[PDB]
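2 protein chains.
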Amino acid sequence: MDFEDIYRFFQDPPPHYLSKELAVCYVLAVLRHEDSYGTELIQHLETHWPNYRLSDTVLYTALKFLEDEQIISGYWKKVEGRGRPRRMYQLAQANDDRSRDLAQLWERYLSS
Amino acid sequence: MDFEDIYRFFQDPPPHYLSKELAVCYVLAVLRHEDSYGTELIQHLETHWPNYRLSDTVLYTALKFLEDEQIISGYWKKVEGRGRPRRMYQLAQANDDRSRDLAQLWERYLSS
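The listed protein sequences correspond, in order, to chains A and B. Just so you know, we're using UniProt numbering here: the first sequence kicks off at 23 and counts up by one. Just so you know, we're using UniProt numbering here: the second sequence kicks off at 23 and counts up by one.
What follows is the structure, encoded as structure tokens:
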């Protein structure tokens, strides 16, 4: 590394990749306001909060978790152009507090 | 992969592991006031900054860089009761500005 690397690091640091926990919450923060799918949950996080990234291993662990707990449920969806149903996600219910705070925790984490 | 986990991450968040770029400035901030050595730099960081770890790998990648650029020099000092000597690192020259500037960067980092 050269000295232009060290400086070009304090202004443009690499983003923080969410932990499994950050994912489970970040997802709920998204699905409580809308329906979404895998790859979309990763770009949405990035474009709207560039100091962060979400891999695929983590996003999936998080998703699995939110399924065996019936918090989130998935389904298929058609997309004009390619005969391939996309797996969507939504909140498993209308009123849910066990997931209200989880998503509420993300919001806090973003604060400041 | 359970809820206690997600409720444990926020209480006990994993510490941050400095990068070479970070490690350098940190090691530089320390080597300004007083002289020091390898195991001490990381022992002093960890104890006074519980959310920061400095791997031996990175720390040494840092130290090399600093010597390869001739900003830090090293001598050999005996340790009372330990037949085995200890390598000590010190600001190379007298009045240096490349160090000062780089130390400040760390000094600020804390905040962001």
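Ideal Cβ placement from N, Cα and C applies to all residues, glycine included.
Exercise. With C-beta atoms as the reference, is B:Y59 less than 7 Å away from B:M23?
Worked result: no
For this session: Look up B:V52 in the DSSP assignment and say whether it is helix, strand or coil.
Result: helix
Problem set entry | Residues near A:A45 in its chain [Cβ-Cβ closer than 7 Å; skip 5 each side] | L76, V80, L81 and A84
For this session: Go through the UniProt domain "Transcription regulator PadR N-terminal" (49–115) of chain A residue by residue and report every complete run of the beta strand (DSSP E) that reaches 3 residues or more, in order.
Result: 94–97 and 110–113
Exercise. Should B:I28 be flagged as near chain A, meaning a C-beta pair shorter than 7 Å?
Worked result: yes
Exercise. Around the Cβ of B:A125, are there at least 16 other Cβ atoms within 10 angstroms (buried) or fewer (exposed)?
Worked result: buried
Exercise. With 7 Å set as the bound, which would you pick, yes or no: does the beta-carbon of B:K42 sit closer than that to a beta-carbon of chain A?
Worked result: yes
Problem set entry | Cβ distance (whole Å) where A:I28 is taken to contact B:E43 below 8 Å | 5 Å
Exercise. Short check: CB of B:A114 to CB of B:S95, under 7 Å?
Worked result: yes
Exercise. Residue range of the alpha helix (DSSP H) that B:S121 falls in?
Worked result: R120 to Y131
Problem set entry | Cβ-based burial, A:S121 [other Cβ within 10 Å; buried from 16] | buried
Problem set entry | C-alpha gap between B:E56 and A:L132, whole angstroms | 38 Å
Exercise. Going straight from the alpha carbon of B:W128 to that of A:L67, what length do you get?
Worked result: 28 Å
Problem set entry | Beta-carbon proximity list for B:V101, same chain, < 6 Å, skipping 5 on both sides | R108
Problem set entry | Length of the line joining the Cα atoms of A:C47 and A:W98 | 23 Å
Exercise. So, A:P36 versus A:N73, is the Cβ gap smaller than 7 Å?
Worked result: no
Problem set entry | Under 8 Å by beta carbon: chain B residues contacting A:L124 | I28
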